[PDB]
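Novice: There's a structure below that I have some questions on.
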């Protein structure tokens, strides 16, 4: 079978679910790791296809390709349209966390396909049979995600995080972040405080952060304003078989409740 490689994992399952049991897909990273760079060791490189997200997220390898030629990868993020970046370096760059909107995670499942059948169409009908299924499943959760965060008026719905990765999630439906994306560290006071204040202007309630490991940032505001510091959100990556979020779908299914569960 043809092997296939991904840029992280948030897409690893995404493709392994269209691939099915026909190919073999592997990521390069592993549960719980900043997919914004680092952890690049000799380990790698030959599958006959490499998929990725592009949009300067995961661009750690954009140079790493220099070690090899061909094995034509493919962006997936090509629908399309991005909402830009607010502050910090990469100002007015494309936000890249575009899979957290079920409506575009569609795109992929259709764009991902495209790259499959391009190579070894022997099993062209299998993807077509998978992608179509999945696609529904996606279209099905949308109603769940949309129907759950809808019962939270008035405005009180701006979810709060660190790597403000839900920029699309918040685009689809009814926001606050310590930093616009991963890079360097966490803006000092001037930064934190910026969230400290707006949490208490609206004025609640609980916020959220992403896996690890900028606890210093969000923690502080929790016990320095009037929060409760809800459980970790999932985006940059998946969780293990034990921890909630063993797959993409149930990631979405998950975060939405908890975001909604954070409302009085």
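Novice: Compute the distance from the alpha-carbon center of region 1-60 to that of region 141-177, in whole Å.
Specialist: 28 Å
Novice: Kindly state, to the nearest 0.05, the FRET efficiency for residue 154 paired with residue 250, given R0 = 22 Å and r defined as their beta-carbon distance. Kindly include the intermediate steps, with their values, before the conclusion.
Specialist: Details: r = 30 Å, r/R0 = 1.34.
Calculated value: 0.15.
Novice: Next question, about the same structure. For a footprinting-style exposure proxy, rank 76, 264, 65 by other Cβ within 10 Å, fewest first. Could you put the intermediate results ahead of the total?
Specialist: Details: 76 29, 264 7, 65 12.
By the 10 Å Cβ count, ascending, the order reads 264, 65, 76.
Novice: Could you please tell me the mean projected area of the C-alpha convex hull for region 162-202, averaged over all directions and given in square nanometres to one decimal? Provide the component values of the computation, followed by the final result.
Specialist: Working: hull surface 12.5 nm².
Value for region 162-202: 3.1 nm².
Novice: Also, quick follow-up: When a/c is below 1.5 the answer is rounded, else prolate if a/b is larger than b/c, else oblate, so apply that to region 151-263 with a ≥ b ≥ c taken from the square roots of the Cα gyration tensor eigenvalues. Kindly include the intermediate steps, with their values, before the conclusion.
Specialist: Details: a/c = 1.70, a/b = 1.23, b/c = 1.39.
Since a/c reaches 1.5 but b/c is at least a/b, the shape of region 151-263 is classed as oblate.
Novice: Right, here's the next one. Give the dimensionless ratio obtained when the Cα radius of gyration of region 98-158 is divided by 2.2 N^0.38 Å. Can you show the working numbers first?
Specialist: On the way: Rg = 15.7 Å, N = 61, 2.2 N^0.38 = 10.5 Å.
For region 98-158, the normalised Cα radius of gyration comes out at 1.49.
Novice: Something else now. Hey, got the Cα dimensions of region 2-150 along the principal axes, in Å, largest first?
Specialist: Its Cα atoms span 48, 47, 26 Å along the three principal axes.
Novice: Moving to a separate point now. Once Rh for the chain is found with the Kirkwood sum over Cα pairs, what is the Stokes-Einstein diffusion coefficient at 10 °C and 1.306 mPa s, in µm²/s? Walk me through the numbers on the way to the answer.
Specialist: Working: Rh = 19.4 Å.
Taking Rh from Cα pairs, D becomes 82 µm²/s.
Novice: Based on the mean of other beta carbon atoms within 10 Å per residue, what is the order of 88-96, 16-24, 156-164, most packed first? Please report the intermediate quantities before stating the final value.
Specialist: On the way: 88-96: 15.1, 16-24: 17.4, 156-164: 21.0.
Sorting 88-96, 16-24, 156-164 by mean packing, highest first, produces 156-164, 16-24, 88-96.
Novice: Another question, if that's okay. Using only C-alpha atoms and all pairs of different ones, pull out the Kirkwood radius for region 12-87 in Å with one decimal. Show your work: numbers first, answer last.
Specialist: Details: mean 1/r = 0.0702 Å⁻¹.
Computed over Cα pairs of region 12-87, the Kirkwood hydrodynamic radius comes out at 14.2 Å.
Novice: If you don't mind, another one. If you average 1/r across every pair of different Cα atoms in region 55-109 and take the reciprocal, what Kirkwood value do you get, in Å?
Specialist: Numbers: mean 1/r = 0.0775 Å⁻¹.
So the Kirkwood estimate lands at 12.9 Å.
Each value in this text was obtained by applying a stated rule to the coordinates, not by laboratory testing. Cβ atoms come from the backbone with ideal geometry, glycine included; neighbour counts cover every protein chain shown.
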